[PDB]
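Peer 1: Sharing a structure here in structure tokens format.
There are 4 protein chains.
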Amino acid sequence: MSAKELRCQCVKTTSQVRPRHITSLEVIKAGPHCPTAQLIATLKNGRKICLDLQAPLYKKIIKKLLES
Amino acid sequence: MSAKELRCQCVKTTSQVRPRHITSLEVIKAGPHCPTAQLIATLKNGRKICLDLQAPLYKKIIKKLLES
Amino acid sequence: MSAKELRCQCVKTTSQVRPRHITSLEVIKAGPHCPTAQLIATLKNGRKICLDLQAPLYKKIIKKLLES
Amino acid sequence: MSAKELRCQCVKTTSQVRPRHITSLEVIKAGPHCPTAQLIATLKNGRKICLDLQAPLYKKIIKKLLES
């Protein structure tokens with residue numbers, strides 16, 4: 003009914019990183035081990051941080067991808 | 003050829019698939035081998051099709067991920 | 003020695019899952035946030051667990067991918 | 003039991019790239035759209051090429067990931 007916690011280190015949001023030289027990002031919804039919305043990303047230096055979906059921060063990312 | 007046809011496997015858009023029962027999707031911008039905007043996706047049956055970014059089709063996907 | 007617990011959900015090994023109806027699997031080396039060897043995986047039910055690289059468990063996976 | 007016109011993101015093998023400063027690589031078996039073994043990869047410059055599974059080329063990659 004209302005699962006909580008399980009296997010998602012991307013809890014809350016890793017917005018500590020800033021959007022700009024991004025390359026690609028994944029977006030998984032709240033699955034089983036992840037009852038919360040989970041979004042991970044990837045930079046130009048093939049590494050992956052993670053952002054949220056209910057914030058204008060990642061909207062600057064997708065918006066930066068629509069620009070082209 | 004002035005940014006056109008390089009090594010991208012999903013040209014135009016693979017909208018032949020319908021939204022819902024999805025799991026996660028990739029969002030890559032127009033890189034080098036892919037001068038065009040490229041977006042891939044993933045379904046419940048761990049497979050991957052691909053959609054576009056300038057259309058309301060994938061907007062139904064992200065919107066389906068925000069409703070939660 | 004290099005870094006200590008930064009961004010790795012696959013600590014030790016998630017071998018609780020058994021190999022068989024797999025689809026694809028990732029394998030990242032020990033980066034910065036992940037000084038430990040880290041590899042994730044994907045099943046038929048588009049989900050992702052994670053295994054190790056110094057064990058015969060994932061070798062049954064790659065071996066199952068070579069048989070074809 | 004059916005193999006006709008499908009969509010492999012990488013036919014044959016993109017060995018044109020050399021192994022060395024890699025970051026992570028995908029390993030998907032012969033799915034439906036891809037009845038052939040399909041393996042993709044990722045470099046330090048977050049990009050993705052693709053290699054094979056029945057060759058010692060990618061074995062140098064996994065071997066380089068085990069050395070650690």
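Protein chains in written order, with the authors' numbering: chain B, 3 to 70; chain A, 3 to 70; chain D, 3 to 70; chain C, 3 to 70. Quick reminder that beta carbons are idealized off the backbone N, C-alpha and C, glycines included.
Helix, strand or coil: how does DSSP classify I51 (chain D) here?
Peer 2: coil
Peer 1: The beta strand (DSSP E) spanning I42 (chain A) covers which residue range?
Peer 2: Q40 to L45
Peer 1: For the alpha helix (DSSP H) containing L68 (chain C), name the first residue and the last one.
Peer 2: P58 to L68
Peer 1: Starting from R49 (chain A), find everything on chain C with Cβ-Cβ shorter than 8 angstroms and list it in chain order.
Peer 2: In chain order: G33, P34 and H35.
Peer 1: I need the straight-line Cα distance from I30 (chain A) to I63 (chain B), nearest angstrom please.
Peer 2: 11 angstroms
Peer 1: Whose C-beta lies closer than 7 angstroms to the C-beta of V19 (chain B) among residues of the same chain, with five residues either side of it excluded?
Peer 2: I51
Peer 1: Using the Cα positions of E28 (chain A) and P37 (chain C), report the straight-line distance between them to the nearest angstrom.
Peer 2: Taking the straight line from one Cα to the other gives about 22 angstroms.
Peer 1: For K46 (chain D) and chain A, any beta-carbon pair shorter than 8 angstroms?
Peer 2: yes
Peer 1: Which term fits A43 (chain D), buried or exposed, when burial requires 16 or more other beta carbons within 10 angstroms of its beta carbon?
Peer 2: buried
Peer 1: Can you tell me where the beta strand (DSSP E) holding residue 2 (chain D) begins and where it ends?
Peer 2: It is not possible to answer for residue 2 (chain D), since the shown part of chain D is limited to 3 through 70.
Peer 1: Nearest by alpha-carbon distance to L45 (chain C): which of B:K6, B:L41, B:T25 and B:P34 is it?
Peer 2: B:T25
Peer 1: Using the beta-carbon of each residue, which ones in chain A are nearer than 9 angstroms to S70 (chain D)?
Peer 2: Those do not exist, as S70 (chain D) stays about 17 angstroms from chain A at its closest Cβ, beyond 9 angstroms.
Peer 1: Is the Cβ-Cβ distance between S70 (chain D) and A57 (chain C) less than 8 angstroms?
Peer 2: no
Peer 1: With 9 angstroms as the C-beta to C-beta threshold (strictly closer), list the residues of the segment 7–32 of chain B near chain A in chain order.
Peer 2: Answer set for the segment 7–32 of chain B: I24, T25, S26, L27, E28, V29, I30, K31 and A32.
Peer 1: How is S26 (chain A) classed by DSSP in three states: helix, strand or coil?
Peer 2: Of the three classes helix, strand and coil, the one that applies to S26 (chain A) here is strand, per DSSP.
Peer 1: Which value, in whole angstroms, describes the spacing of the CA atoms of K65 (chain B) and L68 (chain A)?
Peer 2: Roughly 16 angstroms separates the two Cα atoms.
Peer 1: Report yes if the C-beta distance between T16 (chain D) and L55 (chain D) is below 8 angstroms; otherwise report no.
Peer 2: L55 (chain D) sits away from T16 (chain D), with the two beta carbons spaced by 8 angstroms or more.
Peer 1: Per DSSP, what kind of secondary structure is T16 (chain B) in: helix, strand or coil?
Peer 2: strand
Peer 1: Between which residues of its own chain and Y60 (chain B) is the CB-CB distance below 7 angstroms, once the five residues before and five after are set aside?
Peer 2: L41, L53 and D54
Peer 1: Whose Cβ in chain F lies nearer than 8 angstroms to the Cβ of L67 (chain A)?
Peer 2: Although the question refers to chain F, the structure presented lacks it and instead comprises the protein chains B, A, D and C.
Peer 1: Pick from D:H23, D:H35 and D:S4: whose alpha carbon is nearest that of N47 (chain D)?
Peer 2: The shortest C-alpha to C-alpha distance from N47 (chain D) to any of D:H23, D:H35 and D:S4 is the one to D:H23.
Peer 1: Tell me the rounded alpha-carbon separation between residue 111 (chain A) and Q11 (chain C).
Peer 2: Absent from the structure is residue 111 (chain A), since the part of chain A shown begins at 3 and ends at 70.
Peer 1: Just the Cα atoms here: how many angstroms apart are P21 (chain A) and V13 (chain C)?
Peer 2: 28 angstroms
Peer 1: How many angstroms separate the CA atom of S4 (chain D) from the CA atom of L8 (chain C)?
Peer 2: 45 angstroms
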